[PDB]
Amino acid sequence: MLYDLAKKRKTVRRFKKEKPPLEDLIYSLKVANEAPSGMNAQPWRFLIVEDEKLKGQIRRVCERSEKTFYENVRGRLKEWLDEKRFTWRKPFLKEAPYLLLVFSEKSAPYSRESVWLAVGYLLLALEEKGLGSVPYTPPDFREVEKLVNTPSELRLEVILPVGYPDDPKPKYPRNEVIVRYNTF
């Protein structure tokens, strides 16, 4: 059941050393590709990073940026990150077998909405395929974009480290949906 897939899917920030077959990622992208999009532009573009040096570069730029983020973060954000024991360290950027970088075509109508919708599909597909991921959002997208020679027409949306999950931490809670009717 889809609900079961969605319910079971949780963040995975720790991956097995073994690299999943590319076919599983490609499957998930093919699923994502079936998603709707503004003017059916299919404004998602995928970059699968496997190169260890490059992952290392991405890891390092992201961590350097996160370091600053963590130095300064405060309030509610800080409290949540602290309670969940996040730090600037993002080893999964190096250690995940794949970094799936998801880009949006800037010029496409509702490109961002569409890509993120498709990421929803993507994540469910990864779960279906028994892969883990985390939508990792670097503090500074541009540095990562440059690392991979992102064309100006594309916008990096998210870095999805993908791999076999490795003793992932538990899914965080979900509050029940509380619907409203007609108006607030």
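The first residue of the sequence shown is number 1, and the count goes up from there.
Q: Which is higher in the entry, the mean Cα B factor of 51 to 59 or that of 38 to 46?
A: The deposited B-factors put 51 to 59 ahead on the C-alpha mean.
Q: Per the PDB record, is the mean Cα temperature factor higher over 71 to 79 or over 105 to 113?
A: Averaged over C-alpha atoms, the B-factors run higher in 71 to 79.
Q: Of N149, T137, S133, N33, which one's C-alpha B factor is largest in the deposited record?
A: Highest C-alpha B-factor among the listed residues goes to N149.
Q: Quick check on the deposited entry: does the C-alpha B-factor of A6 sit in the lowest, middle or highest third of its chain?
A: It belongs to the lowest third of the chain when residues are ordered by C-alpha B-factor.
Q: Determine, from the deposited record, the chain-internal third of the Cα B-factor for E143: lowest, middle or highest.
A: It belongs to the highest third of the chain when residues are ordered by C-alpha B-factor.
Q: Please place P165 in the lowest, middle or highest third of its chain according to the CA B-factor in the PDB entry.
A: It belongs to the highest third of the chain when residues are ordered by C-alpha B-factor.
Q: Could you say whether, by C-alpha temperature factor, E127 belongs to the lowest, middle or highest third of its chain?
A: Middle third - that is where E127 ends up once the chain's C-alpha B-factors are sorted.
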